[PDB]
Every structure is written in structure tokens, then in C-alpha cells.
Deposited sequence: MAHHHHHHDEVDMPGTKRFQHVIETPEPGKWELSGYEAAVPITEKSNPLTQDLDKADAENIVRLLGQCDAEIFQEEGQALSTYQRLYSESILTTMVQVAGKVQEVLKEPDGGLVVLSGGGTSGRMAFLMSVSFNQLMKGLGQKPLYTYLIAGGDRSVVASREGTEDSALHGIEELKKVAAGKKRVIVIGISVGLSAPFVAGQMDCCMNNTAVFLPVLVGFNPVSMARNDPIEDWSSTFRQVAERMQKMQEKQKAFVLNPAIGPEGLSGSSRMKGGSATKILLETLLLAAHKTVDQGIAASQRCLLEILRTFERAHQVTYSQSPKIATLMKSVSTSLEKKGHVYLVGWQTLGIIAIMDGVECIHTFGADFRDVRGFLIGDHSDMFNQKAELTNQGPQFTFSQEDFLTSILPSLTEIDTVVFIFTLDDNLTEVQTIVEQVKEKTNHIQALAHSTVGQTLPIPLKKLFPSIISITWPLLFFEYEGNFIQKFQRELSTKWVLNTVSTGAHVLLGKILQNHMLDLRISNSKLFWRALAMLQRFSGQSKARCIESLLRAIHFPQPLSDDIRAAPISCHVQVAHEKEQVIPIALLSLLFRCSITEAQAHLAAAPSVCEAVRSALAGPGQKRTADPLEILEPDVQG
């Protein structure tokens, strides 16, 4: 029947009460799951929100229970990290015609960029040629833009890969996809397996391979799952690798920019740093050198979240400014500036928020005076401006900008990273009365830009900004339990996530949910057979431009009414949130 090809794979909605016993819950990929810690996140206050995400983030470092999924600390995973470190060594010994690509869509792609830079720096400070590069769904521009639609083509991924891999002789391709989902990566990994003389694919993500994505990709014949299963078979002969620890669900269901991006750095920085810092010692990478690093990353979580009360406060202020109608500026230096940009941009697609709502700034790349003359003018009594820097940064450039911002603003707060016993110039740096001083112990570092200190700091900022950005929006009522219902459908994964949210919150069949969804998307056109049979990309292209697609679709269902009737209802309610929530009641 029309549509059967496209929707056959979708699991039926269970009868009320049998969500567990239908086996439905057990087949939800971990990366899409509702985290039980966050069932009532939409009710939590700022302090709880910080607590509940701190807990969710902790799950990264939690160990394997005694019938269950491998985790970051499990022996199978650390052994895989060692073996991969090893293959990175091979290429490090033979830099001529060698290359190491880190690749991903969206936040996986963003993380890839950071790491390729860091490790390229590292080989510079040692006077070696840079061997790292990145690849992001939609080219370089995607690093710092909301561009969710660019991940759906396997040919694109392969193309980008062919460009960069030039006339190289030995290529390591680290395909990053948190959900083991992005068609962009899938095609890269498959291409690698079809030329193993040159390519070595390493897939990174955080689902078991039995939960890897399995619906058809429009421009490619195999699924992510088939690709990953075959890489796993090659791992026996050491010609492919799959590195996939479970880290437990996101605190915002399927918001893989959070734990997933974090785990990506923890996992890949750890392994690459080990491989470098152990080549020049002429010693194999071992579980012991990896562990040192992982434990440091784990202290970093503890260090970071011990500043929780302040983190809650900055959340309450970021939220306040967005409840009124102000903006939120994230101003930071080096690498920590970028991360700030990355957070701001992600808020657009993640919460449907305008790019001014939470914006990032590096010193998007607007210099000291340029910021003072351009942006400073537009500031306002209700806004919030966050400063993010180390005490190694150039604090004369910092104080200047805060001096000025204080006048036109007042809601400032800051994120200051330091070694123990560095002191904050100006004891009347108050200015910031109640800073977020994150003060780092003294580690022993032989590489020359203290790369472990950088990684700690990046990660810690990512945790803070993410928790803030996400928390501020939850407080506003935009989140339904631990799901973002009212998302914009801009790729296929999001289209499937909409359909899952329709099933979950309505309890109605998949045929009904699909029908309501496609009607909401294509309104005012009716459901023809063509539309029913259309590739998922046709729906995406149309829904991408509309507003409230998913809430309209859900209303149609709850009221058993038409799209015309549910649009009218929505427009007659005070808000999307009250409309949906009170139809649920």
C-alpha cells in the first residue's frame, strides 16, 4: 500500500500499559530514550535542573552493571581505545601521505573541528606537520551555523571525504555519530571498508550496534546498522573499529549535543592524547595511560558541578532576559569563545529560538574595539552578558569590555578558569561579586600548551553553557516532560522523532499518527497517494518551513479533529504550551 515502504519499519504504538511488555521501550535507542532522572524536568526549578543534568552527565563515567551494555570504563571499550591509539601511532611514525580525519554532522562535526585543531596545535608546538583534519555535514560553514538538514546525504559525506583524502596513502577516518545515525557518516565508513589498503574507519557513537539506525537512506543502499555490523566483523582482523559505550540517555530526550558531544571529547581526546604522549616515549599505549586521562575527565565533572548554586543563578538570569524579551551574549576568548558560539547557535534548532536569543562571541569573531563599537550600543537593562576566560588570557582586554558592558547592562556574571593560586587582578573585580571561579589542581604536563588543561577547560565550559542554555529554556515551559515537542522538522531523524512523540503523547496507532503528521506538514494540500509514498526528504523540505507542525498534529489527534479545526483551536489559545498541555489533561 502507499507509504508501506517508508513506514513499515516503525514500531506500532503499544496499548496503554504495555509500553514495557510490548518490548517497545527496550528497542528505543539509548540516544533517543527518555531519561528516568528527568521525567519531571519541566517541573524542576533552576537548582534541581542543575542537579538533574549534573546527574545525567555523571552517567558518562558510570560503570557496567553485572546482562547489560558496555560503557566507557568497560574492558572491551578501553581495549578498543588502546588498539585505535596504536593505529594512530602507525600513521604518526609515517607522516608522509598519512592523514587523520574526524567527521560528523552537527555537534559531532563541531566537536570534530575543536579536536582536529588541538591535536594539530600539538604537533606544531613539536614542529611536526599537522596530520589532522575535520569534515562536517555541509562544509566548514556548518561549524558555527544551525544547519540540521545537511546530514541526510551519504554521497555528500563520501564526496567531502574524497576531497580531503587527496592522494594520501594511509587515512584514518573517525566517523562520529552519537546515535549511529547520520547518513553523512554512514557513507564514509562504507567507502572506507571498500578500500582498506588506504582507509581505516573508526566509528564513534553511543548506542549498541543492535540499536544503530536501520531505516533506508535516500542516496545509499545499506543502512547505518549494516555498515556498523560489518565494521564490527572487520575489527577481529583490526581493519575497522567500532567505539560505542553506552552513556545513558540525554536529560533532554535525543538532545545529543549534550552528553553525546561531551562523551565524544572525553573519549577521543583521551585516546589521541595517549597515542601522541606515548609515541615519543617509544611505548605502546596502555589502559593505564588512558585511565589517567579518563579519571581526570571524571574529576573535571566533579570540579565543575561543585559550582552548582552559581550555575543555577546564571540560569535564572539567562531565563529572565528571555522571558522579558532580551538577548544573552556569551563572550569568551580562544577556544572557549568558540564553544560559546557553538552553544548559542545550537539553541536555534534545539529550542526554536532566534539567533539573537543566546549568541556567541570570540575575541561571531568580533575584536575588542569592534565589539565595543558594534554590539555594545544595542545592549539593554534586561539583557545578560557572560564572560568566559582563563586567567592566562589577557585580562586587560577583558576588564575593558566588562567596564563598558556594566554601564549599558548590570546583569553580568562570569566563568573564570585558573590553576590554584592564580589571583584575580582587581580585588574590586566586583564587577563580579559572585564569580564562577573554577579552580583546577596542578597536573603534570610535558606537552607544551598543556593540552590536558585545555581539554578540561573546554569540557567544563561545555557542561556549564549547555546546562545553562538548556535549563533557561526549560524554565520557560518550552519542554514537555523531557521531550521537545515543538521542534522544527529539518532532517529525517527529526521527522522520525516527531512521529515517536506523536505516538507517545497520543497513544494512537502509527497509521493515525503518520496521517495527522503528514496532513499537518502538507496542509492545505490533502493526503494523496504520491504524498503518502513520498521519500521522507519531501516531507522534511516542506515541514522545515512551517511552524507548530508537531503541536497541530498532536491536537488533530487528541481532539479527533481536522487540521483546520486544530489550527483554529491553537490560535484561540494563549499559547502553544497551554494548548498542548491542557489538551493532554
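Gaps between the deposited sequence and the modelled structure occur at positions 1-12, 79-80, 378-396, 619-638.
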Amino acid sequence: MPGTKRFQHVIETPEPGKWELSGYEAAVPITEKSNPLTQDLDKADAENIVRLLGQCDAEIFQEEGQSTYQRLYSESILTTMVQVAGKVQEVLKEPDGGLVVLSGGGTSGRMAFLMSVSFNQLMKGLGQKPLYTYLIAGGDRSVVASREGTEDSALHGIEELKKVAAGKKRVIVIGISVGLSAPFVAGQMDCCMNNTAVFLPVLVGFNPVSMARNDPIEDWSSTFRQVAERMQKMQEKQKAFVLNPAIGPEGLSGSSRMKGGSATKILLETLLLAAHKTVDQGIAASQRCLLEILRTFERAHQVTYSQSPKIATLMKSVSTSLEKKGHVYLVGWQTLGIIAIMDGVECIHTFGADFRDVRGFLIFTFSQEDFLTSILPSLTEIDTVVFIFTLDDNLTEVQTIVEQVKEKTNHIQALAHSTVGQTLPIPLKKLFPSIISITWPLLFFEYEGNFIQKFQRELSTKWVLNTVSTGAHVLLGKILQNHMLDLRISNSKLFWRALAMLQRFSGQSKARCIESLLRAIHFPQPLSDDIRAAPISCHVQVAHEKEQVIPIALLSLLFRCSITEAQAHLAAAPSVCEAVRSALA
From here on, numbers count along this sequence of modelled residues.
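Take the two forms, find the largest set of C-alpha atoms that superpose within 1.5 Å, and that set is the rigid core.
Comparing the two stretches 425-433 and 92-100 by root mean square C-alpha distance in 7 other deposited structures of this protein, with all structures fitted on the core, the more displaced one is 425-433.
The mean C-alpha temperature factor is higher for 86-94 when 86-94 and 458-466 are set side by side. Stretches compared: 40-48, 542-550. Higher mean C-alpha B-factor in the entry: 40-48. Ranking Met231, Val279, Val345, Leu180 by the C-alpha B-factor listed in the PDB entry places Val279 at the top.
Looking only at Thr270, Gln404, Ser76, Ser210, the residue with the top Cα B factor in the deposited structure is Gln404.
Ranked within its chain, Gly138 lands in the middle third, by CA B factor from the PDB record. For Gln55, the recorded CA temperature factor ranks within the middle third of the chain's modelled residues. When the modelled residues of the chain are ordered by C-alpha B-factor, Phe351 sits in the middle third. Per the deposited record, the Cα B-factor of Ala472 falls in the middle third when ranked against the other modelled residues of its chain. In the PDB entry, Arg225 places in the lowest third of its chain by CA B-factor.
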